[PDB]
Amino acid sequence: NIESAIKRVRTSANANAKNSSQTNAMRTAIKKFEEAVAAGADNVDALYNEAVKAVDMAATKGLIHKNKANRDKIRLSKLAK
Amino acid sequence: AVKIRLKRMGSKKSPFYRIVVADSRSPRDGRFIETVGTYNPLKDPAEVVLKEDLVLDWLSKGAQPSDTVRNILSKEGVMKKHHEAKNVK
RNA sequence: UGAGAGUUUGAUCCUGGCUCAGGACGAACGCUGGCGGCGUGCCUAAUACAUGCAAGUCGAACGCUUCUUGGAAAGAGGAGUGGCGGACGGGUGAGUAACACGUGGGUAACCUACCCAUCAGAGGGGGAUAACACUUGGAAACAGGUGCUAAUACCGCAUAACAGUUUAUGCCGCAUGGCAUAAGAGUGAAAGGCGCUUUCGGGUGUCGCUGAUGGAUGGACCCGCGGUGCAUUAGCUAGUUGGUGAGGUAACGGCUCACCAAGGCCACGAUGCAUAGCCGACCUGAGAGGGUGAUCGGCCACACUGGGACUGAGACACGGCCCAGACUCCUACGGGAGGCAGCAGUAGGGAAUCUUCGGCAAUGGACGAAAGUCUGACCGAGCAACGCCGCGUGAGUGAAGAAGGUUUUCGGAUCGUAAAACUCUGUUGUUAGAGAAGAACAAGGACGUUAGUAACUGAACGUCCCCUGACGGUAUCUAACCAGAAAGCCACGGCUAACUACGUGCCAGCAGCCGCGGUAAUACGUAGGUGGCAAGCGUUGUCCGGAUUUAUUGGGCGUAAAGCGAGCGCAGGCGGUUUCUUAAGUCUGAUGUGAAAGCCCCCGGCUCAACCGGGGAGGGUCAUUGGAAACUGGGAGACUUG
């Protein structure tokens, strides 16, 4: 059974909590952006660069590795700007 | 994380040892990449039987020769030749 | 390097089955003591696990607390945050007929801190919390509330796109596509740690941090070919087959969604059923080939059974978690605890399989500015005659056959110079010393060297001292004593060396096979005589041979076992002569690979010997590349015999 990785368990629990918060923040940022593009009205650039900031800061400040961020910016700039 | 190291070939009382060169993920007498040297564990002054050709070729790739390799190849000055022909290079 | 021997009949020749003489019991000796050299030891229940050990490290990232000495600080200790490792190392073969394995290959559809290379760099803050003090709920496990605090912990802002498209330019490739330059839209940090010069200094050497490109190490995807029994197992398939687009993926893709069609695989064996982990390799064969998959090494898969994810780059994780199921221990009965196919050790199963010893000295991991700490890896120790080395149990001399055995006509044979006795000895056994050799090379710390900084003042590089061996009174030697301590196995009717006396005398019981017995047994049983291995020798089981008894090498069907009752023909097998071409088969060269230890050969060391070391031949029915153009095969013509 357990010897000394219960600290690893609690570390992983805190990482679950904060990574869940950060990934939900990223996803809601991306959908908040994607609502406006099919809408066609104002606020098309502010939330655009906010989505790009969210993707990049969850790539580097957070983590995927590099490339889901890169594929999202490719499928994003090939769709919006 | 490549790493050159040693290898045993004992019997019951009288061992024989061999240097072996590998990657550190592997077990000791398990797999490796190629071969370097050996040495007699008995009859001091024993048989320093070294290749002394692949150590500097291998550290050009960059590895970490262990504790015994540094002393018994400083007896041949190879680690002295390592920081003598690489820190001077 | 290829040996045949019995057995069908009153006898003969064939054909033919059965049995034997050789070696390959990874583990049952009823005997016995030398094994002290080298190696092995749950193959049946992937059966259930008490007892301990088997993963921690960092104080130069950072706060708090217990001691030798009311202000003292070095060393020590306690907890926590935080960082890296617990995915390596060790076990097992339950599953798996498949790119799981072996071999050859592809990345213009791929990813990686852990070691170096290159360039860009590398600030100011916030706001909590653990710890900490007090209380609530607690049987406990563990929850909860208030307040305070640090960082290389956490959290937002500035700066560069070199990545990534898109554009123009040039260049090229096997379809996509790729390679260099110039330009249109957004993006980080630990800003930290030590030591020196410290006269404001603030420059620093190192250790760290982030981004972009490289090498190397590790993982993944696909492709041609090769290894199994059943046809008393002929149809199988729908995300199947393809296209369209989108999602998703390190990565391509029906991996997944929506639309359009009905495509796909099979007699060369699809699908189905049973058994099996695969390989390098082996105490079989003359060789072609049969048998086994242990060591030891490589790959794959599994963790009481089945699902599922999270942290972490790397796991769907063997001593990590969540849920469902089975089973076990407590509960103050509300609830909790657990998974030795890691090392010994335990109970059951079985014809059957071992010690609960020390240390990281040797080596290899893990962290670190350092000593250092852990290791049931590993080094080694204590068992089983479990198999193979290499040596032992005296030697030279010594009888008219000592005594005595068995046998005999009693006159002799053999036991048997083998005894008894003389002269020499100590590989060994006992005693005592030397030798604890060889087992070990050894961080760091002072003394002294390079391209640079203002300065080894400190830094990254030296010679010399210091220091430690669990089995260790270990090996080995020297010297003293005594032939003293050191001998066991199955048969003798033939195949296949070895005879007598007597008993039971259709019966007590021997049979590998022929075959004995039954009053005169070298066959039932005793007793002595002899024989062959040899501290190892009988029995039992299994595998190859002998087996030409599955015959390619290497057999034949008139009567012996064996030509369908006969015809007609789809597919299939094989094809008349010749000119030119081709080069698929075929022959030939060059190159890369076929792990290491394996077997053999050359060379060497352990007193030889096994064991170990150095060098090449073997394993391709392999991949690329170049010729050869006789025969077979593909293309164009010709001829008349079929």
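Don't worry about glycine lacking a Cβ; one is built from the backbone with ideal geometry, like all the others, and counts go over all protein chains shown. No lab work stands behind these numbers, since they all come straight from the coordinates.
Could you check, for the range B:43-56, whether at least one of its residues is loosely packed, with under 12 Cβ neighbours inside 10 Å and near RNA strand C (Cβ under 6 Å from one of its atoms)? Yes; the residues of the range B:43-56 include at least one that is loosely packed, with under 12 Cβ neighbours inside 10 Å and near RNA strand C (Cβ under 6 Å from one of its atoms). Given the criteria part of a loop (DSSP other than H, G, I, E, B) and either near RNA strand C (Cβ under 6 Å from one of its atoms) or within 23 Å of B:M79 (Cβ to Cβ) (or both), does B:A22 qualify? Answer is no for this residue.
B:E84 falls short on exactly one of the conditions (1) surrounded by 11 or more Cβ atoms within 10 Å (Cβ to Cβ); (2) within 6 Å of RNA strand C (Cβ to nearest atom); (3) assigned to a helix (DSSP H, G or I), and that condition is (2). Is there a residue in the range A:2-10 that is more than 14 Å from chain B (Cβ to nearest Cβ), of a type in the set (D, E) and in contact (Cβ under 8 Å) with a residue 40 or more places away in the chain? Taking every residue of the range A:2-10 in turn, none turns out to be more than 14 Å from chain B (Cβ to nearest Cβ), of a type in the set (D, E) and in contact (Cβ under 8 Å) with a residue 40 or more places away in the chain.
Yes/no per residue for (1) outside any helix (DSSP H, G or I); (2) surrounded by 10 or more Cβ atoms within 10 Å (Cβ to Cβ); (3) more than 8 Å from RNA strand C (Cβ to nearest atom); (4) not hydrophobic (A, V, I, L, M, F, W, C):
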position	(1), (2), (3), (4)
A:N19	no, yes, no, yes
A:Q22	no, yes, no, yes
A:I30	no, yes, yes, no
A:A38	no, no, yes, no
A:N43	yes, yes, yes, yes
A:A54	no, yes, yes, no
A:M57	no, yes, no, no
